[PDB]
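This document starts with two versions of one protein chain, written out as structure tokens and named structure 1 and structure 2.
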Structure 1
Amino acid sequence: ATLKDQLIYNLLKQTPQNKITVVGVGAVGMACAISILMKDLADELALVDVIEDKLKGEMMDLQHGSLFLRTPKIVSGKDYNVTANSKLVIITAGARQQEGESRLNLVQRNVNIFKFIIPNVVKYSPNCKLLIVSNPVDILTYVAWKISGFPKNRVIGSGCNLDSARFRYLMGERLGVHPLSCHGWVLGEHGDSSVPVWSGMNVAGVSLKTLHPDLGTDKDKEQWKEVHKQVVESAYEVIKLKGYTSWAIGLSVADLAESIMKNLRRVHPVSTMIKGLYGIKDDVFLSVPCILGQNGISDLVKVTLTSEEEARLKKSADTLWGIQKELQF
């Protein structure tokens, strides 16, 4: 008898029920991981990346904190077999923006990495929801959908969940109210062509645009457009300051994971196919409000846009589609 066999009588000689994989152990990947771990969303966490040392080191560092977590198994490996049986696979790997660089400048590189990553994910977790975080997220969500063969409910991009969170933060600062009570939606591209939906902004269901008709216009004496300009510029400013962004996106992704894993059916602005709305007929992916739960995106909310908002959203779709349409698979 070993010490274990003297101490413990074994009765039972099972897959995880709530496994999540994070692909990519860069700063974004690891912020997603710690955020998911601290939210108790998974019974198993797997990490995958191509840099073996860094991957192992990250895994071990999380494991050493196990005592303080409620996720009893953390694994990693360059081989996708460690990701088998995931309910949710979060893809953060690939090139990221350098100072001053457009997320759209990342397309060729990250499409080529997705050509390797997505078939491997799909092979080991054929029923997962895919949550794409890598940039440009809207384009890569389309790509992941096309490569995976998944129905589109199961391919979700982090999209404008973060842009909307930034927007509500800044709104909150101007009004003196917690972001949880400042409502406003940013839709379209997670990037420079995003669309603030001024007509929907409210606190306690009081329309800000009804109170302030010039809201969001160039004529606005309070220059509320500058809030959206700051939303657009946020990642660039943070990158210039600390080299990359990580915490906000990690929190946003864990917010999405929470709705998925706990089947909440909360609404979030995430990247999905919008064909059929606003007279768009192209297979373009961008953010609109979607109901998120255990089957991914189960429904879209049809937002009532002003003609100016709709035009902006159409411009966003045209910019994204002009890229997506030329991709070769």
Structure 2
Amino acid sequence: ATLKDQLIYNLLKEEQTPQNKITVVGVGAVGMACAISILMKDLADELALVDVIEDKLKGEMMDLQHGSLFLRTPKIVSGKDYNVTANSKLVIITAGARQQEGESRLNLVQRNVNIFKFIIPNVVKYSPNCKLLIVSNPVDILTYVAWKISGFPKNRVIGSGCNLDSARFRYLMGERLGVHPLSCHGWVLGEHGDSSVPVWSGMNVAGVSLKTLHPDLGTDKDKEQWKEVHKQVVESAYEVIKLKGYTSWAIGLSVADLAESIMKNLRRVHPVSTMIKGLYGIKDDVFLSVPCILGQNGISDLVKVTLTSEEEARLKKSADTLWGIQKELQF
């Protein structure tokens, strides 16, 4: 008999479906950062990786596998075929094209639509009941695309949105006040990136409003220019790109955070992108960031933040701009 048969007596052979499975699509810097963070937080009992670059994908899979002794995820798989993704609770999409210098924005978005036209149908076929978490840029447009192609109810399509913007905002705030970001509460909402909206009325430590103490907070004519905090969120994103060429660790950690709430049904509030139609004067099928409650259902609830006229106006403009692009897309 084999060494295995000499050592180990088998009681059963039967193999269940993985109960807590997560899939990462796209093994670039972002996907891999999401991957390691998820593994280190013991969020999955099985992890699947998918990309089109075959060699890189096997390389990444093996690197992770070799670390198994220090992890609590017993099975890591990868492949070009989506059968390896079957029965996923959570599916994270990080796949995207790289914008070229002679390339339009509409052309870039369409290129990622063409990418999602391949990925999404395959994910739905093998994990019909899964939650979708979209990271690919422009996140808000691609969250819409994913929602449209999948045919999933809105609660199952989650966009990364302003989770990272908020994360960075709270870091900067915390460094300014000499207090840990966990205790610095701040919400950046609306469209992810350059057009995001900081809600100055909500910024507080220990529940005392900074806007109440400082009525000119976040305003153009503010002596201290706390507007700088949001300004520097935007600038630092470009700075990181200029310095190392990509961003990984921070986005990886923020995504792991969302995954944690979903996989463990925590029902914590998170600034994520969702179907925004019906509020702040928006009539179009568009996804934007508002604090949402996250659990095993994805987005079960959303918080109705009280926005000023100028803030509401900014979300309108973003939704108009987003729907203006979306109506010119080929499926």
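In this text, rigid core is short for the largest set of C-alphas that superpose within 1.5 Å between two forms. When a residue number appears, read it as a position in the sequence of structure 1, where counting begins at 1.
Put simply, after the core is superposed between the two structures, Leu104 is the one residue in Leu208, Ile239, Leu170, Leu104 with a Cα shift of at least 2 angstroms. In the core-aligned comparison between the two structures, the Cα atom of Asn120 sits 0.7 Å away from its counterpart.
In the core-superposed comparison between the two structures, the CA atom of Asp318 travels 2.2 Å.
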